[PDB]
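Residue numbers (this note's numbering), protein chains in the order written: chain A, 895 to 942; chain B, 20 to 117; chain C, 475 to 827; chain D, 480 to 672. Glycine included, every Cβ here is placed at the ideal spot set by N, Cα and C. Down below is the structure, laid out as structure tokens.
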Amino acid sequence: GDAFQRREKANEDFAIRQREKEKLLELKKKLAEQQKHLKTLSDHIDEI
Amino acid sequence: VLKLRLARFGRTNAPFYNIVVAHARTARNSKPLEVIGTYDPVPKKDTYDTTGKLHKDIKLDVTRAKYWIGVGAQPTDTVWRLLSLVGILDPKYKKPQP
Amino acid sequence: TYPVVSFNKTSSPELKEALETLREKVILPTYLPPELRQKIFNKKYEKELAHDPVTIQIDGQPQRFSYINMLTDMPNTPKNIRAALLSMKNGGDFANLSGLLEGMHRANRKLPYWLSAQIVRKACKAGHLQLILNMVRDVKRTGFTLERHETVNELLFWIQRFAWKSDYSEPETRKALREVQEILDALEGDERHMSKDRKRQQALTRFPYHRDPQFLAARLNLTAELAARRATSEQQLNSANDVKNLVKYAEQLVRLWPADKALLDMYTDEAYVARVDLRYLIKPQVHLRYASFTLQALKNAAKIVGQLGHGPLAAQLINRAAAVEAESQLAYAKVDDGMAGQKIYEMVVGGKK
Amino acid sequence: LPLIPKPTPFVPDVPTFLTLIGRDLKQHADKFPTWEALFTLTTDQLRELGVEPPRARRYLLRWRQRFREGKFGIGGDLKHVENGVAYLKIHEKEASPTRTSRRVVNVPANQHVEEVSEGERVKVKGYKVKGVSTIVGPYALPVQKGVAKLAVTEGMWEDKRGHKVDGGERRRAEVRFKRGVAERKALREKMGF
RNA sequence: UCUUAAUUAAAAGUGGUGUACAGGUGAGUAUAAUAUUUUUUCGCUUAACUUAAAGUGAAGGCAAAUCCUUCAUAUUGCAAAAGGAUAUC
Ligand SMILES: [K+]
Ligand SMILES: [K+]
Ligand SMILES: [Mg+2]
Ligand SMILES: [Mg+2]
Ligand SMILES: [Mg+2]
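Below, the structure is given as structure tokens:
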């Protein structure tokens, strides 16, 4: 309706939800690399 | 640091130089790695030339000097001026025209 | 370099309790060498410190330091700073902020981001604007940096109110104009005032503080109040100089301040979201607090500039003033009764006193 | 061949030239009868006039060559000097609606920066502006807000020779030791006896 | 007169590199040694020199720092860095 209403509706709920999810995406990246590294060693053991 | 420099020899009032490849931090006249040539600063004159033109005798092993400049040898200012005349390096100094 | 912090002028016992608590356990330890400062917080040396407590010669009289339980004995800096700040009621009291903020700066205490805006308000309303401007000038010592868009907006509010409180007299309006310019020059040149907290707020607004249209309107207000008085030969050579700046600043504000955009639409939409970044402007109480002089400046400048024969500016400034007035009137309806903003706007714009 | 360079507003005569380069060369200001003699005399002629020791004569011949090539010291590019004093002021341009470029220009002490034209608004090299209304650069003393003077000073362009402290590295501990002996011995004569 | 914030010049320093080069002497020292030459096969090299690539972010201590301490990041995972200076609009 007015500037005050539209400006009050907006809050950090979206910004907070974004930062937290982003940190989890890079966390899953570290897990993906670690999980991948374990695969590169698993196929080498049974190979030899 | 390898350097292409001059080793002052001769007698009093009779300078004579050896172009040498030596490590920077060594005595000027110590035995170098190689002797690339010689350099006489006093200009000479042709025997039967009455024109008055002078010249300077400089013996230099250009092939051996190019290899050391290629691997990273640092010639002194005097040896740089000589190597620039023969056409190996670019002059460091030039006469201002203005 | 500087003298040791001291609090020897306190009108109340409560104030002395808060200042001496921080002094003897948060400030004075900072004057010890880095080695001895580690023994005071180590149990293994508790016995030694009991017999021969560490001493430092300040004003001759040594200051003894004994073991301090880092968890149980250390005081709460935010709360003690509040107890002291709320008990200051005399010029002799507020003079301690210069030493208090210096001590916290030495202790590397990350004070609340809003603490500056609070000190400026409670101190300026008491009639001690100089103590603030002196700490700002001596930022190398007090760490009183202008890194918040609110502090600069709060500081420039009082610099004008003091001039407005005297009906914009020449002796005072000349003084205020010197203060406003000293701040816009410190924000631009002085590097002590720059920090990550400021770079973020300047990215949300897209204007640097020294060019933010909200802050430039302050300098335009005082200037517009100097030309209105005359627009004696010495005064004429000076009055003629104010008009050169008026048309200079006004012609610059219109270039930065977009068209048909008020104070809440001036900056990006993402600027009013974070509570640590320019969210105070959403509350009608705080909007009328800053949109009062800014609205009065655009109106006054629009009239003088119009008289000089500047059609464009006469219409450009009225464009902004019309935009700020439409928004300001909304805040006047949503604001609760008995609020500061409703009173200031009623006094400055309404002229009801 | 011995081309003579025309004097500059900052170096109008020989006494000024010898005063800037330093090395106590202003003593010989009387040997050079004219500005053209300085840039014409040779090594052998400077030696007969008495320009000595050889260190000062070779130092003079060096700066004599720099002046020809235009390699002036600091402030040599000035254009508005009066009695050896030059005033530096700041010129502000709006590079963008949210920026401002400030340049240290040299203008007459009376005219304002904005009044001067682009032709006379010289920009001195080696001087910059720190923040706002502050001129930073060697021998730039402030006169007021946004103004600074640059006066001719002894050794302003001098290549200062290095000096030893307490006789250098080899004779440092000894000069300080013997000096400490002279101090103690003096106190005994004052309060001891 | 006092008190802030700066400019400038000097004087001591802090840090970087160099004083591991040059120069002097022959007191001591009695030797076959992980010494040395030739051919074949090799390995190491975190300063300086030469060519190139990538990276040059964040705090704290000393009055301050390219000083000291420490962190993030750097194929996987362990492992780094420092800033200073001059122009243009
Ligand atoms: K040696
Ligand atoms: K011997
Ligand atoms: Mg929430
Ligand atoms: Mg011998
Ligand atoms: Mg960096």
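Here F511/D is buried, its C-beta having at least 16 other C-beta atoms within 10 Å. Put simply, of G56/B, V81/B, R44/B the residue whose alpha carbon is nearest the alpha carbon of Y36/B is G56/B. By the criterion of at least three beta-carbon pairs nearer than 8 Å, the segment 509-516 of chain C is in contact with the segment 535-554 of chain C. Runs of the alpha helix (DSSP H) lying entirely within the segment 670-698 of chain C and spanning at least 4 residues, in chain order: 670-679.
For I501/C, no Cβ of chain A is located within less than 8 Å of the residue's own Cβ.
The three-state reading of DSSP puts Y519/C in helix, counting H, G and I together.
When secondary structure is reduced to three states using DSSP, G598/D falls in the coil class, being assigned neither helix nor strand. Rounded to the nearest whole angstrom, the C-alpha separation of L539/D and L520/D is 11 Å. For secondary structure counted as the alpha helix (DSSP H) over 4 or more consecutive residues, the segment 756-823 of chain C holds these complete runs in sequence order: 758-781, 785-808, 814-822.
If one requires a minimum length of 4 residues, the alpha helix (DSSP H) runs lying completely within the segment 581-636 of chain C are 589-599, 603-611, 613-616, in chain order. Looking at the backbone, the Cα of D896/A and that of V610/C are separated by about 37 Å. Taking a 10 Å sphere around the C-beta of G598/D, we find fewer than 16 other C-beta atoms and assign the residue as exposed. Within the model, the alpha-carbon separation for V564/D versus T647/C is close to 37 Å.
Of all C-beta pairs linking the segment 691-704 of chain C to the segment 659-676 of chain C, fewer than three are shorter than 8 Å, placing the two stretches out of contact.
Not a single C-beta of chain A is nearer than 8 Å to the C-beta of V626/C. Across the set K550/D, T498/D, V611/D, the C-alpha of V611/D shows the shortest separation from the C-alpha of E571/D. Straight across, the Cα-Cα distance linking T487/D with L658/C is about 40 Å. Contacts between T577/D and chain C, judged by CB atoms closer than 8 Å, involve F681, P682, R685, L730 in chain order. When rounded, the separation of the alpha-carbon atoms in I483/D and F489/D is 17 Å. Using a CB distance cut-off of 8 Å, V747/C counts as an interface residue toward chain A. Fewer than three Cβ pairs drawn from the segment 918-932 of chain A and the segment 26-45 of chain B lie within less than 8 Å of each other, which leaves the two stretches out of contact. In the three-state scheme derived from DSSP, where H, G and I count as helix and E and B as strand, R497/C is classed as helix. By the criterion of at least three beta-carbon pairs nearer than 8 Å, the segment 721-736 of chain C is not in contact with the segment 597-606 of chain C.
Distance from the CA atom of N516/C to the CA atom of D743/C, rounded to whole angstroms, is 51 Å. By the rule that beta-carbons nearer than 8 Å mark a contact, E662/C touches chain D.
For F496/D, no pairing in a beta bridge is given by DSSP. In this chain, the beta strand (DSSP E) harbouring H42/B covers 33-42. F28/B sits exposed, since fewer than 16 C-beta atoms from the chains shown fall within 10 Å of its C-beta.
The C-alpha of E906/A lies about 36 Å from the C-alpha of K773/C. Among the residues of the segment 630-661 of chain C, those with a Cβ less than 7 Å away from any Cβ of chain D are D659, in the order of the chain. For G641/D, no chain C residue has a Cβ inside 8 Å of its Cβ, as the nearest lies near 31 Å away. Chain-ordered listing is empty here: chain C has no CB closer than 9 Å to the CB of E916/A, the nearest sitting near 16 Å. CA-CA distance, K639/C to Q688/C, rounds to 21 Å. Closer than 8 Å at the C-beta level to chain C, one finds these residues of the segment 588-610 of chain D: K609, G610. A contact is defined here as three or more CB-CB pairs under 8 Å, and the segment 544-555 of chain C fails this definition with respect to the segment 564-571 of chain C.
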